[PDB]
Amino acid sequence: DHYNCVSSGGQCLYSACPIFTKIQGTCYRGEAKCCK
């Protein structure tokens, strides 16, 4: 979720994770990705 994304060093994005980064979870009720 958003708070886990913040605290883990990821970024919540509606757009795709940048190429070298990976999905770690989601944010905002499953609608966005947590990328790191």
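Calculation notes
- Residues numbered from 1 in each chain as written, not as in the entry; some residues may be left out.
- Heavy atoms only, no water.
- Helix = DSSP H or I, 4+ residues; strand = E, 2+ residues; numbered from the N terminus.
- Buried < 20%, exposed > 50% of the residue type's maximum accessible area, 1.4 Å probe, protein only.
- Contact = heavy atoms within 4.5 Å.
- Areas by Shrake-Rupley, 256 points an atom, 1.4 Å probe, with all protein chains shown as cover.
- Pairing = 2+ DSSP bridges.

What the entry reports as its method is X-ray crystallography, with 0.980 Å given for the resolution.

Draft legend 1. Here's a closer look at the overall build of the protein. Summing up its helical and strand segments, the protein has 1 helix and 3 strands in all. Each helix and strand of the protein, placed in order from N terminus to C terminus, yields the pattern α-β-β-β. Out of the 36 residues belonging to the protein, those deemed buried represent 22%. Of all intrachain contacts in the protein linking residues separated by at least 6 positions in sequence, the fraction that spans at least 24 positions is 25%. With an accessible surface of roughly 2900 Å², the protein has 54% of that area assigned to carbon and sulfur atoms.

Draft legend 2. A look at the pairing of strand β3 (residues 32-35). With 3 bridges joining them, strand β1 (residues 11-13) and β3 adopt antiparallel strand pairing. In the sheet register, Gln-11 faces β3, and the bridge partner there is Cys-35. Of the pairings in the sheet, the one linking strand β2 (residues 23-27) to β3 comprises 4 bridges and is antiparallel in character. Note that in β3 the partner of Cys-27 across the bridge is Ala-32. Linking two consecutive strands that pair antiparallel, namely β2 and β3, is a turn of 4 residues; a positive phi of about 65° is found at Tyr-28 within it.

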